[PDB]
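Below are the chains, spelled out letter by letter.
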Amino acid sequence: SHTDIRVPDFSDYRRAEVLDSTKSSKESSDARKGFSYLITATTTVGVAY
Amino acid sequence: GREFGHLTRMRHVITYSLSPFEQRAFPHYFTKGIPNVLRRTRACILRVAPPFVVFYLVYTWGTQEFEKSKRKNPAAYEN
Amino acid sequence: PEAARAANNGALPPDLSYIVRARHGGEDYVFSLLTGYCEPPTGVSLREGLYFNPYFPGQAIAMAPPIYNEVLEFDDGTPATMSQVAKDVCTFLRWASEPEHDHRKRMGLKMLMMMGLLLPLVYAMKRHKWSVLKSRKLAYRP
Amino acid sequence: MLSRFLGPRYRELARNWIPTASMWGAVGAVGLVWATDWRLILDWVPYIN
Amino acid sequence: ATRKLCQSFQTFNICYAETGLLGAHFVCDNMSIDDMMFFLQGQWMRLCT
Amino acid sequence: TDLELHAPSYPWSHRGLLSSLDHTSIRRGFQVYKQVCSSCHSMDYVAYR
Amino acid sequence: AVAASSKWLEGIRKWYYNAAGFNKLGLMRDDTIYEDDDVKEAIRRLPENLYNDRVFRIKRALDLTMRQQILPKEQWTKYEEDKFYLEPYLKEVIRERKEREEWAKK
Amino acid sequence: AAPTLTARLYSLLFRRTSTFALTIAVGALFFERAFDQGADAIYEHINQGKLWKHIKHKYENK
Amino acid sequence: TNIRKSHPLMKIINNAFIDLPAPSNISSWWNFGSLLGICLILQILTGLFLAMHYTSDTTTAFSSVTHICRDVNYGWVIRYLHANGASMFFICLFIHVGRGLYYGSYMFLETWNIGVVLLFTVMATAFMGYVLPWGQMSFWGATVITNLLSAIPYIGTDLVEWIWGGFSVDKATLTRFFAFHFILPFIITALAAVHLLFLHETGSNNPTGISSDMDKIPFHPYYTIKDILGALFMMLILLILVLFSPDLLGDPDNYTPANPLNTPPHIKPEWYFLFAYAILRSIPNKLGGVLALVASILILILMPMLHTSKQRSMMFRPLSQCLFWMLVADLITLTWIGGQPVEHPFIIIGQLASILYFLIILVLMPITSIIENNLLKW
Amino acid sequence: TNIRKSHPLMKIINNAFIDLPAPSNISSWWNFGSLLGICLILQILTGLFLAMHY
Ligand code: HEC
Ligand code: HEM
Ligand code: HEM
Ligand code: HEM
Ligand code: HEM
Ligand SMILES: COC(=O)N(OC)c1ccccc1COc1ccn(-c2ccc(Cl)cc2)n1
């Protein structure tokens with residue numbers, strides 16, 4: 001049956017602020033999606049060479 | 001005529017994915033990566049390396065026999 | 001060149017504005033030949049115009065030694081011995097061959113500092129897109 | 001293993017095609033010397049001098 | 001309806017006590033998925049501005 | 001025609017990767033070309049400019 | 001076809017199977033064949049359960065090579081469990097090509 | 001669950017990708033004149049007393 | 001109504017670079033095809049500068065090049081960008097050919113045959129660019145080509161006289177070498193668009209040698225960001241060789257001017273021709289030596305016909321991997337021998353290594369694939 | 001199996017010059033577009049010569 005299908009566990013890949021499965025990730029998402037993101041922005045100030 | 005909806009026939013296969021903003025871009029790097037790049041080195045070392053050893057031995061024999069054919073004359077240098 | 005080699009017993013001393021870029025020693029060769037003169041050894045019977053220099057191709061340069069102690073005295077005051085004469089003229093003739101020397105190395109320093117910024121930042125941008133494929137899982141349910 | 005030339009029916013392969021080529025191995029001795037400025041066949045005939 | 005891109009679509013608003021799901025569902029043939037996803041995402045962005 | 005003698009490595013003050021030339025030793029070495037030589041050698045590519 | 005080297009030449013066959021490493025990616029021998037025109041006709045003639053098994057085994061091996069990883073050693077394909085599922089279908093496709101070629105020259 | 005300081009200005013300038021289209025132009029400073037700390041202070045330190053603008057007071061206003 | 005799927009010019013770009021299906025397990029050895037396209041563009045925007053300030057004659061060629069490094073502004077950086085940028089092109093070309101030889105990419109027959117034409121055209125171009133500066137290596141290297149080019153038994157003596165400007169070393173020699181060097185890089189740019197149009201019919205091969213139609217990904221953004229990162233690492237290596245050692249790949253004797261003044265202490269070309277100069281020099285006949293020079297590059301066309309394995313690539317063939325690296329070590333030997341004088345140990349070595357280069361491709365590789373076929377019970 | 005309809009390079013030439021649908025009442029004023037392509041090619045194989053000796 002299709003109810004035998006569940007997502008396998010992704011705990012050894014997640015960011016360290018979303019391992020808790022019970023907190024609803026309100027403010028741990030906009031203060032999370034910035035890790036590789038001035039990485040992209042300070043790249044393009046280096047392309048000014 | 002090679003576009004994405006027209007490539008091949010496939011049945012009964014399921015894939016699961018995570019968003020890039022939900023995971024860390026650097027997982028296990030020296031915990032997994034250093035044991036991985038060492039057995040990859042072991043798997044290919046007996047195929048690639050023994051040809052380049054024979055180039056080294058021919059190069060040393062070829063530069064050393066060049067000098068003692070030229071002006072290196074200890075004892076064959078008489079009347 | 002007609003009157004050149006007649007003044008030097010059948011040899012023309014060459015131009016020097018590219019002489020350290022044109023030999024297999026750089027400015028180490030010019031220094032080691034200006035200060036390396038010897039006397040002709042046993043059996044080497046050299047002709048009219050040959051002074052025995054062991055750092056020459058053919059051992060038989062047509063060159064009497066040009067420099068010795070105090071052929072010159074410098075402008076600010078420096079003991080003008082023979083090695084000091086040759087060391088300064090071999091800091092000349094290298095700037096002459098390569099007048100871009102100090103500009104080449106200062107521009108190479110800003111290159112290494114800008115590519116020390118661009119390269120770890122393009123690599124982590126590549127790492128961000130490819131993590132979708134690296135984390136995926138497959139299942140077969142026939 | 002290019003034995004497609006070796007067959008008992010396609011021996012008449014070369015018998016319908018070579019009566020075209022009765023001059024075609026020597027058209028370089030007829031046609032290229034029209035532009036070489038040599039004297040390859042210019043001694044053969046008193047046609048040309 | 002003009003291009004015959006799908007069989008149907010619908011938008012939903014599923015609510016729970018603290019969270020929910022806000023989105024859309026559609027049915028189409030195998031050569032129309034990319035165009036239907038392109039036009040739907042362009043209507044969400046046309047309401048944000 | 002038998003062997004040759006190659007020059008050794010002298011530790012010049014411009015030998016390093018980020019090393020400049022000494023700009024007092026070029027002034028002293030210009031006069032070793034000017035007043036001790038140019039009786040045999042031209043240097044037809046450098047000026048007084 | 002030598003009876004004295006019956007076991008010795010099977011030792012070199014088992015050694016070469018492990019030196020080649022498609023069994024570390026979970027592949028069978030007929031998964032690795034180069035697909036010319038006779039091979040592509042034999043794939044079209046496979047039954048539906050053997051076709052779907054081959055498609056998943058190839059996709060799982062391409063995904064492992066992207067990550068530069070292999071399978072655990074208890075999941076490697078054994079030497080005396082490798083099924084030559086494509087070889088009866090390929091011998092028949094080639095026999096039909098050689099029949100149409102003797103007819104075209106006789 | 002207090003976060004780290006990676007919420008840089010993500011809610012302030014970086015969400016609507018208005019920054020990303022023009023970082024060749026707008027977000028382009030702090031890396032020419034702020035890098036007087038860089039190569040020129042390093043290059044003249046390895047070559048102290050060897051460049052021309054080091055031996056310069058000896059030969060003007062004589 | 002999607003504009004990148006319906007505009008007549010935008011839909012060509014979309015099918016070629018954006019929405020193109022690509023295998024997901026493509027390695028870093030597949031980076032060197034776009035690197036060759038970067039090196040070819042760079043050699044065009046730098047050869048602009050040099051041909052602007054240039055005069056090609058027997059009296060002024062050696063001084064026209066020394067004028068640029070000193071007098072012409074930003075001329076030292078652009079000249080050594082051009083001399084090292086051609087060494088970068090040749091290392092990205094030998095990696096590229098050895099990839100397609102290892103993974104069986106020559107089974108794409110039309111793409112492989114246009115590639116062999118591209119290998120001839122860049123080799124002949126760079127020969128006619130090293131003759132332009134007119135030093136000792138420019139003279140004595142050009143005058144060993146024409147000894148084997150006048151050995152053509154009928155047309156050869158009027159062939160070399162037609163390309164030497166008219167007699168010999170003169171003013172107009174460097175008006176036909178320079179003409180055959182300005183215009184040959186643009187036939188390469190048109191032969192590269194045709195080269196990719198034939199690859200687009202099948203898509204790319206992958207390191208396993210198995211077709212990958214069940215596991216394709218789009219080219220953007222996965223390989224657009226991976227080709228940009230690999231090109232940035234190439235500019236770092238090139239600018240290090242230009243700004244820190246711009247004479248490492250070169251010969252000092254080509255700073256000694258050209259004249260028939262005196263025989264040089266040695267004769268040797270650049271590093272990427274040393275394997276070819278070593279083969280013709282080990283044949284004591286100027287007709288047998290010019291035949292084995294052309295037979296060392298055009299032997300690549302026989303690679304589809306000599307294939308006897310049931311598999312495509314070399315990933316699962318351990319006995320064939322040993323022979324591939326014996327061939328790479330044989331080309332390292334010929335590059336070393338080709339810069340050595342013609343003396344006692346370097347004639348028996350340089351002529352046995354010329355034999356083994358042809359014995360591996362023609363005889364040893366087809367027999368070994370058959371032996372591996374029997375060991376896998378097919 | 002018609003090679004000018006299936007070869008990847010030949011089918012571009014066939015759609016552009018051979019099998020292209022064209023109006024039947026086209027005049028001599030429609031000749032000058034291919035004449036401009038002849039004049040541009042001629043100015044390239046003649047500007048070769050002049051920039052050589054220049
Ligand atoms: C006694 C006259 C004379 C003097 C003065 C002189 N040279 Fe020479 N030198 C010669 C001659 C003659 C040759 C060329 C010999 C030949 O070509 O066989 C030569 C050759 C050379 C060479 C080339 C050596 C080689 O291996 O080819 C260099 C470098 C050189 N001189 C540098 C200098 C420098 C620097 C000075 C100034 C300190 C100087 N010379 C002064 C006579 C002289
Ligand atoms: C100016 C020279 C060349 C250019 C610009 C060029 C460009 C490219 C590009 C962009 C690709 C696709 C990406 C890749 O796989 O790397 C490619 C693939 C290929 N090239 Fe080249 N190439 C050149 C020379 C050659 C040569 C000399 C050969 C062979 C003798 C060759 C044979 C091939 C083959 C067989 C492929 C497909 C490989 C595969 O998908 O496995 N090319 N080339
Ligand atoms: C495939 C592209 C190219 C290759 C492999 C190549 C190779 C070379 C080489 C080896 C030299 C000799 C440099 C030296 O020995 O110092 C050179 C210089 C030269 N090239 Fe190119 N080149 C290419 C493109 C071009 C282009 C596009 C032009 C003209 C527009 C050009 C014109 C010249 C000229 C005039 C010189 C002489 C200047 C000098 O020697 O510094 N080349 N090139
Ligand atoms: C180097 C310059 C040009 C070349 C090679 C060229 C080439 C051509 C060719 C081959 C055609 C199709 C045959 C024909 O109808 O004559 C054509 C048609 C056309 N050209 Fe040009 N042309 C050039 C310049 C121009 C200019 C300057 C204009 C207008 C300002 C223009 C506008 C048109 C138009 C509107 C057509 C279609 C006419 C019709 O079918 O009634 N072209 N061109
Ligand atoms: C659209 C194509 C072209 C046009 C309309 C054009 C136009 C002209 C004109 C008006 C002159 C002056 C002749 C005189 O006054 O005596 C000339 C000559 C010249 N052109 Fe071009 N030309 C074209 C193509 C080229 C090309 C392809 C090149 C270089 C490869 C070139 C380079 C030169 C040079 C160097 C001269 C020297 C002056 C002379 O020899 O008379 N031109 N061309
Ligand atoms: C950068 O230029 C040099 O290295 N050149 O030529 C000025 C040089 C300089 C000195 C000595 C010899 C050479 C040339 O040696 C060779 C050996 C083989 N080729 C060759 C050339 C074209 C083609 Cl298609 C195929 C093979 N050239």
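The sections below set out a description of the structure shown in this document. (Residues numbered from 1 in each chain as written, not as in the entry; some residues may be left out. Chains lettered and ligands numbered in written order. Part of a larger assembly, values for the part shown. Heavy atoms only, no water. Residues with missing side-chain atoms left out of burial classes, pairs and counts.)

Overview of the overall build of chain I
To keep things clear, this is the line we draw: A helix here means a DSSP run of H or I that spans at least four residues, while a strand means a run of E at least two residues long, and both kinds are numbered starting from the N terminus. Relative accessibility under 20% of the residue-type maximum defines a buried residue, over 50% an exposed one, and the middle range a partly exposed one, all with a 1.4 Å probe and only protein chains included. Contacts are residue-level and defined by heavy atoms, with any inter-residue pair within 4.5 Å sufficient. The accessible surface values rely on the Shrake-Rupley method and a 1.4 Å probe; as for residues, cover is taken only from the protein chains in view. Only four residue types enter the tally: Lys and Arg on the positive side, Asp and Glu on the negative side, with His and both chain ends excluded. Taken as the charge centre is NZ of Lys, CZ of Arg, CG of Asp or CD of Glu, depending on the residue.
Scanning chain I for helices and strands turns up 17 helices and 2 strands. Dimensions of chain I along its principal axes, counting C-alpha atoms only, are 65 × 55 × 45 Å. In chain I, which comprises 378 residues, the share counted as buried stands at 50%. Intrachain contacts of chain I at a sequence separation of at least 6 include 78% that bridge at least 24 residues. Accessible surface, chain I as shown: approximately 17,200 Å² in total, 72% of it carbon and sulfur. Positive and negative side-chain charges of chain I, numbering 17 and 18 respectively, have mean locations separated by a distance of 9 Å.

Quick word on the arrangement of the chains
The highest contact count of any of the 22 pairs of chains in contact belongs to chains C and F. Nothing in chain A touches chain D; the tightest C-alpha to C-alpha distance between them is still 54 Å.

Regarding the nonpolar core
Generally speaking, soluble globular proteins have nonpolar side chains that are buried together. Threshold: We define a nonpolar core as any set of buried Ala, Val, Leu, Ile, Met, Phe, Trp, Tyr and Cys residues linked to one another through side-chain atoms lying within 4.5 Å.
In this structure, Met 111 and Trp 130 of chain C together with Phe 89, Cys 92 and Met 123 of chain I are the most contacted members of the largest nonpolar core, which totals 77 residues. Looking at this core, the element that brings in the most residues is helix α5 (residues 76-102) of chain I, giving 11 residues. With sequence-adjacent residues up to four places away left out, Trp 130 of chain C is seen in contact with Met 66 of chain G together with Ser 24, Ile 217, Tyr 222 and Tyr 223 of chain I. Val 20, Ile 67, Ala 86 and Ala 96 of chain C belong to the second largest nonpolar core, which has 23 residues in total.

Observations concerning the coordination of the iron atom of ligand 2
Residue and element names in this part refer to chain I. Convention followed: Each metal's donors comprise the N, O and S atoms found within 2.8 Å of it (within 3.2 Å for Na, K or Ca). Water is not part of the atom list, so some coordination spheres may appear incomplete. In these descriptions, tetrahedral denotes four donors with every angle between 85 and 135 degrees, square planar four donors and octahedral six donors with opposite donors over 155 degrees apart and the rest between 65 and 115, and irregular any other case.
The protein atoms that coordinate the iron atom of ligand 2 are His 96 (NE2) and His 195 (NE2), at distances of 2.7 Å. Note that the iron atom of ligand 2 binds 6 donor atoms; their angles at the metal cover 81 to 179 degrees, and the shape is octahedral. Note that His 96 is positioned in helix α5 and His 195 in helix α11 (residues 184-199), a separation of 99 residues in sequence.

A word on the packing of helix α2 (residues 32-42) of chain I against α5 of chain I
All names here are of chain I. What counts is decided by this rule: Note on geometry: axes are lines fitted to C-alpha atoms, helical ones only across the stretch in contact, with angles between N-to-C directions running from 0 to 180 degrees. Under this scheme an angle from 65 to 115 degrees is roughly perpendicular, one under 35 degrees roughly parallel, and one over 145 degrees roughly antiparallel; angles in between are oblique. By definition, any crossing whose near helix is turned counterclockwise from its far helix by less than a right angle is left-handed, and any crossing with a clockwise turn is right-handed. When residues are grouped by polarity, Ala, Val, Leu, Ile, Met, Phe, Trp, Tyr, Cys and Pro land in nonpolar, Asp, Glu, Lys and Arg in charged, and all others, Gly among them, in polar.
One way to put it is that α2 packs onto α5 with a least axis distance of 9 Å and a crossing angle of 155 degrees. Of the possible angle classes, the one that applies to α2 and α5 is roughly antiparallel. Once α2 is placed against α5, the crossing between them reads as left-handed. On the side of α2, the interface is formed by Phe 32, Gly 33, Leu 35, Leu 36, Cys 39 and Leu 40, while α5 contributes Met 88, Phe 89, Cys 92, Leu 93, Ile 95 and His 96. Looking at side-chain class alone, the contact of α2 with α5 contains 10 nonpolar, 2 polar and no charged residues.

Structural notes on the packing of aromatic side chains
The condition is simple: Only the six-membered ring of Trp is used, alongside the rings of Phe and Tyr, when aromatic pairs are assigned; centres must lie within 6.5 Å, and planes under 30 degrees apart are stacked while those over 60 apart are edge-to-face, with the rest tilted.
Tallied over the entire structure, the rule returns 51 aromatic pairs over all chains. Measuring from ring centre to ring centre gives 5.3 Å for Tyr 17 of chain G and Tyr 79 of chain G, while their planes differ by 65 degrees; the resulting arrangement is edge-to-face. Here the residue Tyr 17 of chain G occupies a position in helix α1 (residues 8-19), and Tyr 79 of chain G occupies one in the loop between α3 (48-66) and α4 (87-103), the gap between them amounting to 62 residues. Here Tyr 17 of chain G and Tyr 79 of chain G have matching classes, each one buried. Judged by centre distance (6.3 Å) and plane angle (70 degrees), the rings of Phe 127 of chain I and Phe 177 of chain I are edge-to-face.

Structural notes on the site of ligand 6
All names here are of chain I. So the rule is basically this: We call a residue near a molecule or strand as soon as one heavy atom of that residue lies within 4 Å of the molecule or strand. Whenever a nitrogen or oxygen atom comes within 3.5 Å of another N or O atom, the pair is scored as a polar contact, on the condition that within protein one atom can donate a hydrogen and the other can accept it, and that pairs from neighbouring residues in sequence are kept only if both atoms are in side chains.
Near ligand 6 there are 15 residues, and of these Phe 127, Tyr 130, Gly 141, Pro 269 and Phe 273 occur at the shortest range. Within the backbone of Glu 270, one N or O atom sits 3.3 Å away from an oxygen atom of ligand 6. For ligand 6, whose unbound accessible area comes to 610 Å², protein coverage reaches 94%. The set of elements that each furnish at least two residues to the shell around ligand 6 consists of α6 (109-130), α7 (136-142) and α14 (274-280). Looking at which element gives the most residues to the shell around ligand 6, the answer is α6, with 6 residues.

Focus on the interface of chain F and chain C
Under the convention used in this document: A simple way to read buried area is as the amount of 1.4 Å-probe accessible surface that goes missing from two parts once joined, with both sides added. Each reported salt bridge corresponds to a side-chain nitrogen of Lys or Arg within 4 Å of a carboxyl oxygen of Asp or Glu.
Taken residue by residue, the interface counts 36 residues in chain F and 37 residues in chain C. For the pair chain F and chain C, the summed buried surface comes to about 3,400 Å²; carbon and sulfur atoms form 64% of the total. Three residues stand out in chain F for area buried against chain C, namely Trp 12, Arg 28 and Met 43 of chain F, and they jointly supply 19% of the buried area on that side. Scanning the region where chain F abuts chain C turns up 3 salt bridges. The salt bridge partner of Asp 75 of chain C is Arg 27 of chain F, with a shortest N-O separation of 3.0 Å. Applying the counting criterion to the chain F and chain C interface returns 14 residue pairs in polar contact. The residue makeup of the side of chain F that touches chain C, split by class, is 17 nonpolar, 13 polar and 6 charged.

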